[PDB]
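Enquirer: Starting off with a structure, shown below.
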Amino acid sequence: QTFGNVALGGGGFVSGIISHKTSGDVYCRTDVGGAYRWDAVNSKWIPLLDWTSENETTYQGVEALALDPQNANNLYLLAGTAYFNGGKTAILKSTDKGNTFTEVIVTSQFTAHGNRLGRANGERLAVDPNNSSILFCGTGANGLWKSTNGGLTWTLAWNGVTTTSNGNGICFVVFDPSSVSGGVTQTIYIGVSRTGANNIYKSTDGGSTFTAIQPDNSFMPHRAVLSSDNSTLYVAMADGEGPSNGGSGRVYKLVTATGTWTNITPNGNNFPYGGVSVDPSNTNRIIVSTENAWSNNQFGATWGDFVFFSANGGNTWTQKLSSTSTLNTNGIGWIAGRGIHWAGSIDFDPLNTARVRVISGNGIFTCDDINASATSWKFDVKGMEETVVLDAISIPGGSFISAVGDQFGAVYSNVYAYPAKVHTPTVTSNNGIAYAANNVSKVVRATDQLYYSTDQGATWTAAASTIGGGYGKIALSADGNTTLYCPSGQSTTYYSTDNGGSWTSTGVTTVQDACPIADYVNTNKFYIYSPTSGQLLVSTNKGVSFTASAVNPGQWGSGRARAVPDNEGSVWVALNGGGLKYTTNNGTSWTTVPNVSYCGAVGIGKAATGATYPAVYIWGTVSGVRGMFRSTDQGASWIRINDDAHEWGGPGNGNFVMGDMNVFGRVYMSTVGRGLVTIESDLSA
Ligand SMILES: OC[C@H]1O[C@@H](O[C@H]2[C@@H](OC[C@H]3O[C@@H](O[C@H]4[C@H](O)[C@@H](O)[C@@H](O)O[C@@H]4CO)[C@H](O)[C@@H](O)[C@@H]3O[C@@H]3O[C@H](CO[C@H]4OC[C@@H](O)[C@H](O)[C@H]4O)[C@@H](O[C@@H]4O[C@H](CO[C@H]5OC[C@@H](O)[C@H](O)[C@H]5O)[C@@H](O)[C@H](O)[C@H]4O)[C@H](O)[C@H]3O)OC[C@@H](O)[C@@H]2O)[C@H](O)[C@@H](O)[C@H]1O
Ligand SMILES: OC[C@H]1O[C@@H](O)[C@H](O)[C@@H](O)[C@@H]1O[C@@H]1O[C@H](CO[C@H]2OC[C@@H](O)[C@H](O)[C@H]2O)[C@@H](O[C@@H]2O[C@H](CO[C@H]3OC[C@@H](O)[C@H](O)[C@H]3O)[C@@H](O[C@@H]3O[C@H](CO[C@H]4OC[C@@H](O)[C@H](O)[C@H]4O)[C@@H](O)[C@H](O)[C@H]3O)[C@H](O)[C@H]2O)[C@H](O)[C@H]1O
Ligand SMILES: [Cl-]
Ligand SMILES: [Cl-]
Ligand SMILES: [Cl-]
Ligand SMILES: [Cl-]
Ligand SMILES: [Cl-]
Ligand SMILES: [Cl-]
Ligand SMILES: [Cl-]
Ligand SMILES: [Cl-]
Ligand SMILES: [Cl-]
Ligand SMILES: [Cl-]
Ligand SMILES: [Cl-]
Ligand SMILES: [Cl-]
Ligand SMILES: [Cl-]
Ligand SMILES: [Cl-]
Ligand SMILES: [Cl-]
Ligand SMILES: [Cl-]
Ligand SMILES: [Cl-]
Ligand SMILES: [Cl-]
Ligand SMILES: [Cl-]
Ligand SMILES: [Cl-]
Ligand SMILES: [Cl-]
Ligand SMILES: [Cl-]
Ligand SMILES: [Cl-]
Ligand SMILES: [Cl-]
Ligand SMILES: [Cl-]
Ligand SMILES: [Cl-]
Ligand SMILES: [Cl-]
């Protein structure tokens, strides 16, 4: 209720599906946005890692997820991202299906990178099916590790493999619990993400020594699974690790009693393969998915990977995703024309193996009846949001409009309703958006080119020219007639009085990735805060020229400063470790907000009833507590409106907080991998 998301649905890469082969619990992991449990009672995904603080953004990268065959309550994640928090890596252990976790930091022993090449391979973390206290973990670069205390500490088990050219190392670990001594499983199979050297190994002494067994080192394994009866190991492989490389591949099966490998590649098509699943009650019933194939014209509407099913252990196969399939959008209209790609994990639902889930670069798709002649695949992403949101606007009396990486963004009359369409044309992303305060039908967005709308985002027309380059931040004057624009990666802000028919430099040439801001009241006034110089630059001639204000707010803040409705000359600046300041006089002087020792982002929203100033929202540290705070009294007092369970890793790539201008208390925040989060902070009930 209080915490949620703008509805979009999936929109990023789910890198693995893991189900409990006895209880039927289903989970997934993602590369940039944590992990989820499928709540089959309520039919929605439940995020499990929204508690990660900004000191734990790293854990949004989930490299492996393991369940305990003997106890469905246990759940383990290997979490870490190379580029956050020093690459800090942990085993995250839960005894309650992910409702709560214990953190076991392992960085100095081994690291993980959820956004690595090879990330859909797995699972490289596994629980001994005979002994809940024993886990093994293959690592990308540090060998094979084990724990004998349920994941609390780890030791090096085997180092015959450590590093590989692709950085992905040991990429699956599978136990055969038919082989046991002293209550410790003795047979372990591992896969290694390399070609031209040994890459599938078997130990029969509990992981102390391994023997190479692969039939063809031209291909590296992605995933493997052992049938419930322990008789047959199925392996998907390709000549690259995926998800976005690999040009050919195979499916193999190993009959363990005789060590017999059979090439069961569907139709000898030799596509790159990643996903494989076996029915827990039928060794011979299997399904596979290609990974990084693109020549399947799914639904007749899109291009992506293939899915093949067999009931005879791979002797013959039937396609289960093709041009005759249909896409059930499940009320999420914008997914039409998109499909299943990077399909490096596929899973029969253990409770009913007529049902199959498959991953994709844009979410997860579910076929509830794999036996149908013309299969129906549902975009099955309720509760899941994985996009990287880059900008947004909230129009008083109008729509909320997002600018999103990969899935472009949408126009919302109800932010909790799934969009029928996303902004088109877009190339890759929209990274900036603006509207005219006194001409609210006029909106502009920045992709490879600028696009203008005269109907509040419903339709778009390209600017005649987009000066400098695309993807920059943008402002529209209050009257809508002037645009200011700084191309991404460039340091000059330009102005146009004709929707980009012509451009002229503002004279501001030294603010890289400038975020120009229009005053809401005075159509001739704009501001640019420069982190490098520490200056607030102000224009009173509609962008023709700027001057620095009398007093600098200070250096090294966020470029995303905010003007204030109904308050000409007011600007709030998030100063990072310099705190939070605001001016009411165009930067002639500044108020230091007491008790704010750090502020990463500031946004404005609808005023409280009976208040005289718009509400202010920050992501920052107030009296020593980092989180989301609201002030309804112009910064004199603050209240925390998030909680320790809802931090999401902080503001992430888009680095913004913004209030809704129509719904008091509602605030939006960007994230590294959880879409656009919302807090409905008006707790009046
Ligand atoms: O090229 C395609 C290829 O990419 C591989 O992945 C690697 C690649 O990732 C790019 C971005 O991935 C994107 O996620 C995708 C995801 O992969 C998809 O599967 C799917 O789910 O969609 C998402 C979204 O599209 C991430 O969103 C994106 O963040 C990744 O880009 C990296 O971002 C890091 C974090 O920073 C950004 O977010 C926090 C903000 O505060 C930052 O402003 C913003 O940059 C970047 O790291 C940051 O880098 C700066 C500067 O670093 C530089 O200067 C100092 C030197 O010491 C550094 O070495 C030097 O790089 C740091 O100051 C900062 O501390 C750090 O956090 C990062 O540079 C940027 O690339 O690229 C990074 C690899 O790690 C990924 O493996 C895929 O594997 C592959 O399949 C294919 O897609
Ligand atoms: O014509 C049909 C088909 O015929 C085959 O025979 C041919 O080989 C195919 O190329 C062709 O299909 C088209 O394939 C490309 C990929 O092509 C590359 O790989 C195969 C090579 O043969 C070829 O030479 C290569 O050029 C597909 O492109 C991929 O599309 C997906 C999905 O894109 C959709 O969703 C995002 C939206 O922005 C797009 O408009 C929409 O189409 C992309 O996946 C998303 O990627 C981003 C991360 O981006 C980055 O990593 C990969 C890199 O290529 C890209 O440039 C980077 O930006 C993630 O955040 C998303 O989560 C993920 O879903 C791929 O990035 C992209 O390569 C064509 O769609 C397909 O029609
Ligand atoms: Cl269900
Ligand atoms: Cl299991
Ligand atoms: Cl159980
Ligand atoms: Cl046990
Ligand atoms: Cl103990
Ligand atoms: Cl070593
Ligand atoms: Cl190698
Ligand atoms: Cl050995
Ligand atoms: Cl079986
Ligand atoms: Cl064997
Ligand atoms: Cl065949
Ligand atoms: Cl085929
Ligand atoms: Cl292909
Ligand atoms: Cl077929
Ligand atoms: Cl697609
Ligand atoms: Cl709304
Ligand atoms: Cl659309
Ligand atoms: Cl208006
Ligand atoms: Cl126009
Ligand atoms: Cl005006
Ligand atoms: Cl700057
Ligand atoms: Cl300064
Ligand atoms: Cl003024
Ligand atoms: Cl704002
Ligand atoms: Cl709390
Ligand atoms: Cl937390
Ligand atoms: Cl309240």
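We name chains A, B, ... following the order of the structure tokens; residues begin at 1 in each chain, and ligands are numbered from 1 as shown.
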Listing only residues of chain A within 7 Å of ligand 4, what is the closest atom pair and its distance in Å (to one decimal) for each, using only C-alpha atoms and all ligand atoms, sorted by chain and residue number ascending, as a Markdown table?

Expert:
```
| residue | atom | partner | partner_atom_place_in_ligand_line | distance |
| --- | --- | --- | --- | --- |
| A:19 | CA | ligand 4 | 1 (Cl) | 6.7 |
| A:20 | CA | ligand 4 | 1 (Cl) | 4.1 |
| A:21 | CA | ligand 4 | 1 (Cl) | 4.1 |
| A:22 | CA | ligand 4 | 1 (Cl) | 6.0 |
| A:67 | CA | ligand 4 | 1 (Cl) | 5.9 |
| A:68 | CA | ligand 4 | 1 (Cl) | 6.0 |
| A:69 | CA | ligand 4 | 1 (Cl) | 3.9 |
```

Enquirer: Give me the residues of chain A that have any atom at most 10 Å from an atom of ligand 24; for each, the nearest atom pair and the distance in Å, rounded to one decimal. Use only C-alpha atoms and all ligand atoms, sort by chain and number, and format it as CSV.

Expert:
```
residue,atom,partner,partner_atom_place_in_ligand_line,distance
A:530,CA,ligand 24,1 (Cl),9.6
A:531,CA,ligand 24,1 (Cl),8.7
A:532,CA,ligand 24,1 (Cl),8.5
A:533,CA,ligand 24,1 (Cl),6.2
A:534,CA,ligand 24,1 (Cl),4.1
A:535,CA,ligand 24,1 (Cl),6.4
A:536,CA,ligand 24,1 (Cl),9.6
A:551,CA,ligand 24,1 (Cl),8.2
A:552,CA,ligand 24,1 (Cl),5.1
A:553,CA,ligand 24,1 (Cl),6.4
A:554,CA,ligand 24,1 (Cl),3.9
A:555,CA,ligand 24,1 (Cl),5.0
A:556,CA,ligand 24,1 (Cl),8.8
```

Enquirer: Let me see the file: selected residues, N, CA, C and O atoms, as an mmCIF file, in the first residue's frame.

Expert:
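Written file, part-v6.cif:
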```
data_model
loop_
_atom_site.group_PDB
_atom_site.id
_atom_site.type_symbol
_atom_site.label_atom_id
_atom_site.label_comp_id
_atom_site.auth_asym_id
_atom_site.auth_seq_id
_atom_site.Cartn_x
_atom_site.Cartn_y
_atom_site.Cartn_z
ATOM 1 N N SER A 530 25.944 24.204 -11.670
ATOM 2 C CA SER A 530 27.170 23.558 -12.126
ATOM 3 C C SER A 530 27.902 22.890 -10.970
ATOM 4 O O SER A 530 28.538 23.582 -10.159
ATOM 5 N N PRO A 531 27.895 21.559 -10.878
ATOM 6 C CA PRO A 531 28.661 20.901 -9.809
ATOM 7 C C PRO A 531 30.131 21.242 -9.820
ATOM 8 O O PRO A 531 30.737 21.358 -8.753
ATOM 9 N N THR A 532 30.735 21.371 -10.993
ATOM 10 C CA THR A 532 32.174 21.577 -11.028
ATOM 11 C C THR A 532 32.571 22.961 -10.537
ATOM 12 O O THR A 532 33.562 23.100 -9.815
ATOM 13 N N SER A 533 31.843 23.993 -10.951
ATOM 14 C CA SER A 533 32.171 25.352 -10.529
ATOM 15 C C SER A 533 31.526 25.722 -9.203
ATOM 16 O O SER A 533 31.991 26.657 -8.538
ATOM 17 N N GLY A 534 30.484 25.015 -8.800
ATOM 18 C CA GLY A 534 29.714 25.370 -7.640
ATOM 19 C C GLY A 534 28.741 26.499 -7.852
ATOM 20 O O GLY A 534 28.052 26.865 -6.904
ATOM 21 N N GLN A 535 28.619 27.024 -9.059
ATOM 22 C CA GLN A 535 27.777 28.185 -9.315
ATOM 23 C C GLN A 535 26.343 27.808 -9.637
ATOM 24 O O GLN A 535 26.065 26.751 -10.216
ATOM 25 N N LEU A 536 25.433 28.722 -9.276
ATOM 26 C CA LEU A 536 24.094 28.744 -9.841
ATOM 27 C C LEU A 536 24.098 29.776 -10.954
ATOM 28 O O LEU A 536 24.265 30.973 -10.699
ATOM 29 N N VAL A 551 26.287 34.413 -4.639
ATOM 30 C CA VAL A 551 26.889 33.429 -3.747
ATOM 31 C C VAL A 551 26.707 32.066 -4.386
ATOM 32 O O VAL A 551 25.616 31.730 -4.857
ATOM 33 N N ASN A 552 27.765 31.273 -4.399
ATOM 34 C CA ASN A 552 27.671 29.932 -4.942
ATOM 35 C C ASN A 552 27.021 29.001 -3.925
ATOM 36 O O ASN A 552 27.357 29.062 -2.737
ATOM 37 N N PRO A 553 26.123 28.112 -4.364
ATOM 38 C CA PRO A 553 25.626 27.088 -3.430
ATOM 39 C C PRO A 553 26.715 26.121 -2.995
ATOM 40 O O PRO A 553 26.611 25.571 -1.889
ATOM 41 N N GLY A 554 27.728 25.901 -3.822
ATOM 42 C CA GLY A 554 28.848 25.017 -3.496
ATOM 43 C C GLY A 554 29.040 23.934 -4.541
ATOM 44 O O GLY A 554 28.128 23.633 -5.329
ATOM 45 N N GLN A 555 30.228 23.336 -4.556
ATOM 46 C CA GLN A 555 30.599 22.365 -5.566
ATOM 47 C C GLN A 555 30.138 20.954 -5.216
ATOM 48 O O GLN A 555 29.838 20.617 -4.068
ATOM 49 N N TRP A 556 30.107 20.124 -6.265
ATOM 50 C CA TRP A 556 30.047 18.666 -6.196
ATOM 51 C C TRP A 556 28.692 18.152 -5.739
ATOM 52 O O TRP A 556 28.589 16.992 -5.315
#
```

Enquirer: Which one of A:401, A:484, A:389, A:618 sits closest to ligand 2 if you count only C-alpha atoms and all ligand atoms?

Expert: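 Going through A:401, A:484, A:389, A:618 one by one, the smallest distance to ligand 2 is for A:389.
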
Enquirer: Kindly work out which residues sit at most 10 Å from ligand 20, using only C-alpha atoms and all ligand atoms, and give the list as a PyMOL selection string.

Expert: chain A and resi 395-398+435-442+478-480

Enquirer: Find the residues of chain A that sit at most 9 Å from ligand 17; for each, write down the nearest two atoms and how far apart they are in Å, to one decimal. Count only C-alpha atoms and all ligand atoms. Sort by chain, then by number going up, and give it as JSON lines.

Expert:
```
{"residue": "A:302", "atom": "CA", "partner": "ligand 17", "partner_atom_place_in_ligand_line": "1 (Cl)", "distance": 6.5}
{"residue": "A:303", "atom": "CA", "partner": "ligand 17", "partner_atom_place_in_ligand_line": "1 (Cl)", "distance": 6.8}
{"residue": "A:304", "atom": "CA", "partner": "ligand 17", "partner_atom_place_in_ligand_line": "1 (Cl)", "distance": 7.0}
{"residue": "A:335", "atom": "CA", "partner": "ligand 17", "partner_atom_place_in_ligand_line": "1 (Cl)", "distance": 8.4}
{"residue": "A:337", "atom": "CA", "partner": "ligand 17", "partner_atom_place_in_ligand_line": "1 (Cl)", "distance": 7.0}
{"residue": "A:338", "atom": "CA", "partner": "ligand 17", "partner_atom_place_in_ligand_line": "1 (Cl)", "distance": 3.8}
{"residue": "A:339", "atom": "CA", "partner": "ligand 17", "partner_atom_place_in_ligand_line": "1 (Cl)", "distance": 4.4}
{"residue": "A:340", "atom": "CA", "partner": "ligand 17", "partner_atom_place_in_ligand_line": "1 (Cl)", "distance": 6.4}
{"residue": "A:341", "atom": "CA", "partner": "ligand 17", "partner_atom_place_in_ligand_line": "1 (Cl)", "distance": 6.5}
{"residue": "A:360", "atom": "CA", "partner": "ligand 17", "partner_atom_place_in_ligand_line": "1 (Cl)", "distance": 8.6}
{"residue": "A:361", "atom": "CA", "partner": "ligand 17", "partner_atom_place_in_ligand_line": "1 (Cl)", "distance": 7.7}
{"residue": "A:362", "atom": "CA", "partner": "ligand 17", "partner_atom_place_in_ligand_line": "1 (Cl)", "distance": 7.2}
```

Enquirer: Would you export the selected residues with N, CA and C atoms as a CSV table (one decimal), in the first residue's frame, please?

Expert:
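Contents of part_23.csv, as written:
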```csv
chain,number,residue,atom,x,y,z
A,302,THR,N,7.6,-10.7,-33.8
A,302,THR,CA,8.9,-10.2,-33.2
A,302,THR,C,9.9,-11.3,-33.5
A,303,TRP,N,11.1,-11.1,-33.1
A,303,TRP,CA,12.2,-12.0,-33.3
A,303,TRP,C,13.0,-12.3,-32.1
A,304,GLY,N,13.3,-13.6,-31.9
A,304,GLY,CA,14.0,-14.0,-30.7
A,304,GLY,C,14.4,-15.5,-30.6
A,335,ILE,N,3.8,-4.5,-24.4
A,335,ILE,CA,4.7,-5.6,-24.8
A,335,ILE,C,4.4,-6.2,-26.1
A,337,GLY,N,4.6,-6.8,-29.9
A,337,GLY,CA,5.7,-6.5,-30.7
A,337,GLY,C,7.0,-6.9,-30.1
A,338,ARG,N,7.1,-7.2,-28.9
A,338,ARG,CA,8.3,-7.7,-28.2
A,338,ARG,C,8.2,-9.2,-27.9
A,339,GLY,N,9.3,-9.8,-27.5
A,339,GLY,CA,9.3,-11.2,-27.3
A,339,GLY,C,10.4,-11.7,-26.4
A,340,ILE,N,10.6,-13.0,-26.6
A,340,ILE,CA,11.5,-13.8,-25.7
A,340,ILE,C,12.9,-13.8,-26.3
A,341,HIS,N,13.9,-13.2,-25.6
A,341,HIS,CA,15.2,-13.2,-26.1
A,341,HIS,C,16.2,-13.3,-24.9
A,360,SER,N,13.6,-13.7,-20.2
A,360,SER,CA,13.8,-12.9,-21.3
A,360,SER,C,14.5,-11.6,-20.9
A,361,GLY,N,15.2,-10.9,-21.8
A,361,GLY,CA,15.8,-9.6,-21.6
A,361,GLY,C,14.7,-8.5,-21.1
A,362,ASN,N,13.5,-8.8,-21.3
A,362,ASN,CA,12.4,-7.9,-20.9
A,362,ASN,C,11.5,-8.4,-19.8
```
